Amino acid sequence: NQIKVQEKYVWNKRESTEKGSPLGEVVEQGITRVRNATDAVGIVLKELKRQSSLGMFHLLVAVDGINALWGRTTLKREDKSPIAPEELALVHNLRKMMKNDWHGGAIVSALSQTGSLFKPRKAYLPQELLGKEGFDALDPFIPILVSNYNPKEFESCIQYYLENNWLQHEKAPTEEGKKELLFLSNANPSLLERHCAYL
RNA sequence: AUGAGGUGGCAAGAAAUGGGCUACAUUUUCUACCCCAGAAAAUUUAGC
Ligand SMILES: Nc1nc2c(ncn2[C@@H]2O[C@H](COP(=O)(O)OP(=O)(O)O)[C@@H](O)[C@H]2O)c(=O)[nH]1
Ligand SMILES: [Mg+2]
């Protein structure tokens, strides 16, 4: 309700959003009529990127699995032809937000090979997952490395699971069980969580 | 002529039994990957 549009958006000949209306209306038009949902998303982005520059609010763009934008799609036409990511309006409008042509906010993203298309299981580095086009788009950027648990973090996570009584095996609270879990997971948070799930 | 040729004709149906070929899925199927993802929907024959 505080954020308001600066243009007249025409959903159809009968319905339009007038200048100065709250942004929520636009969202509502996307939530009520799905036909205009995709058009409603882009407008929101178009507004949020612009108004944040004016200084009305601070904007955070949190995109998880950002590598999808500059890759390949598994969506097909009716002629069984491949569709490129840029041919999707939802993907096309979200690329404009990743460009550093606006101020008043920060862009944070996380890579992900899980659910990625046409990538090997062991690819995790920025260029390998992003592609040349993705690296060129994001460049310049600050990469931040996320690693496996160090011994302090591993011990604290196991203590958290024990405090929640989530390790029911009698040998789990002992020290030998902790060494075995450490070796089996290699301090990987996801493998440790999955192993502790059924113990 | 138990050799070589010409002409036409010869098309088959019933059960009772034996075998063979196909698909038969949720512990499944399609895509990415090659395993931390997303969507769809009783008799009897052998073997160890
Ligand atoms: N239904 C509707 N959608 C709009 C309208 N204006 C912008 N949009 C959508 O909001 C997005 C804003 O992105 P934009 O700045 O216009 O980039 P452009 O598509 O290349 O012109 C567009 O991609 C449209 O999908 C409008 O007047 N009516
Ligand atoms: Mg005959």
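Computation of the quantities below employed the complete heavy-atom set of this structure, encompassing side-chain atoms and omitting hydrogens, waters and symmetry-equivalent molecules. A, B, ... follow the sequence lines: proteins, then strands. Residue 1 opens every chain.
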Student: What is the distance from CD of A:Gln113 to P of B:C36, rounded to the nearest Å?
Tutor: 9 Å

Student: B:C30 and B:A23: how far apart are their P atoms, nearest whole angstrom?
Tutor: 14 Å

Student: Nearest nucleotide by nearest heavy atom, which residue falls closer to the 5' end of RNA chain B, A:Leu191 or A:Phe118?
Tutor: A:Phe118

Student: Would you say CZ of A:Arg95 has more than 12 non-hydrogen atoms from neighbouring residues, nucleotides or ligands within 6.0 angstrom?
Tutor: yes

Student: Specify whether both conditions hold for B:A15 and B:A16: six-membered ring centres separated by under 5.5 Å, and ring planes at an angle under 30°.
Tutor: yes

Student: Centre-to-centre below 5.5 angstrom and planes less than 30 degrees apart, is that true for the six-membered base rings of B:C33 and B:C34?
Tutor: yes

Student: Does B:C35 have its sugar in the north or the south range once you look at the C1'-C2'-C3'-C4' torsion?
Tutor: south

Student: Does the side chain of A:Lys122 reach to within under 4.5 Å of the side chain of A:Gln113, using non-hydrogen atoms?
Tutor: no

Student: What is the distance from NZ of A:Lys119 to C1' of B:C34, rounded to the nearest Å?
Tutor: 17 Å

Student: For the sugar ring of B:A15, does the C1'-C2'-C3'-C4' torsion put it in the north or the south range?
Tutor: north

Student: Separation of A:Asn186 atom CG from B:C36 atom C1', in whole Å?
Tutor: 15 Å

Student: Using whole Å, report how far OH of A:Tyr124 lies from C1' of B:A32.
Tutor: 21 Å

Student: If I read the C1'-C2'-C3'-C4' torsion for B:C10, does it come out on the north side (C3'-endo) or the south side (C2'-endo)?
Tutor: north

Student: Should B:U29 be tagged north or south? The rule is the sign of the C1'-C2'-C3'-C4' torsion.
Tutor: north

Student: How close or far is atom P of B:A37 from atom CZ of A:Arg194, stated in whole angstroms?
Tutor: 5 Å

Student: Rounded off to whole Å, could you give me the CG-to-P distance for the A:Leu117 and B:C34 pair?
Tutor: 14 Å

Student: With rounding to whole Å, what would you report as the distance between B:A40 and B:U26 at their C1' atoms?
Tutor: 12 Å

Student: Is the closest side-chain heavy-atom distance between A:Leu192 and A:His195 below 4.5 Å?
Tutor: no

Student: For A:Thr74, report the nucleic acid contact type (base, sugar-phosphate, nothing); a contact means any heavy atom under 4.0 Å.
Tutor: sugar-phosphate

Student: Return one dot-bracket line describing RNA chain B 5' to 3' (Watson-Crick or G-U wobble pairs, both distances under 3.5 Å; ( ) same strand, [ ] crossing, | another strand, . none).
Tutor: ...........................((((.....))))........

Student: Are side-chain heavy atoms of A:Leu167 and A:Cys196 found at a separation under 4.5 Å?
Tutor: yes

Student: Salt bridge check: are A:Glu18 and A:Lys8 linked by an N-O gap of less than 4.0 Å?
Tutor: yes

Student: Contact between A:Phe57 and A:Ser52 at the side-chain level, heavy atoms closer than 4.5 Å - yes or no?
Tutor: yes

Student: Does the base of B:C36 carry an N or O that pairs as donor and acceptor with the side chain of A:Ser190 under 3.5 Å?
Tutor: yes

Student: Suppose you measure atom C1' in B:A37 against the same atom in B:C33; what distance do you get, rounded to whole Å?
Tutor: 9 Å

Student: Could you check how far CG of A:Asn188 sits from P of B:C35, rounded to whole Å?
Tutor: 15 Å

Student: Between atom OH in A:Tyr198 and atom P in B:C36, what is the gap in whole Å?
Tutor: 14 Å

Student: Is any side-chain N of the basic residue among A:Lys46 and A:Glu7 closer than 4.0 Å to the acidic one's carboxylate O?
Tutor: yes

Student: Base, sugar-phosphate, or nothing: which does A:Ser112 touch, judged by heavy atoms less than 4.0 Å apart?
Tutor: nothing

Student: Using the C1' atoms only, state how far B:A41 lies from B:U28, rounded to an integer number of Å.
Tutor: 9 Å

Student: Just to confirm a value in my table: B:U43 sugar, north or south, sign of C1'-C2'-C3'-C4'.
Tutor: north

Student: How far, in whole Å, is B:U22 from B:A16 if one measures between their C1' atoms?
Tutor: 26 Å

Student: Return yes if a side-chain donor-acceptor contact under 3.5 Å exists between A:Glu155 and A:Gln159, otherwise no.
Tutor: yes

Student: Taking only the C1' atom of each, what is the distance from B:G8 to B:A1 in whole angstrom?
Tutor: 24 Å

Student: Rounded to the nearest 0.5 Å, how far does CE of A:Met56 lie from CG of A:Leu48?
Tutor: 11.5 Å

Student: Could you tell me how far B:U27 sits from B:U45 if I compare only their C1' atoms? Round to whole Å.
Tutor: 27 Å

Student: Syn versus anti for B:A23, judged by chi lying within 90° of 0?
Tutor: anti

Student: In terms of the nearest nucleotide of RNA chain B, which residue is placed more toward the 5' end: A:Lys122 or A:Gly115?
Tutor: A:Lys122

Student: If the P atom of B:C24 is compared with that of B:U29, how far apart are they to the nearest Å?
Tutor: 9 Å

Student: Report yes if at least one side-chain N or O of A:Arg121 is closer than 4.0 Å to OP1 or OP2 of B:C35; otherwise report no.
Tutor: yes

Student: Are the six-membered rings on the bases of B:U28 and B:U29 close enough and parallel enough to be called stacked, with the limits being 5.5 Å between centres and 30° between planes?
Tutor: yes

Student: For the residue pair A:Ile83 and A:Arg77, establish whether any side-chain heavy-atom pair is separated by less than 4.5 Å.
Tutor: yes

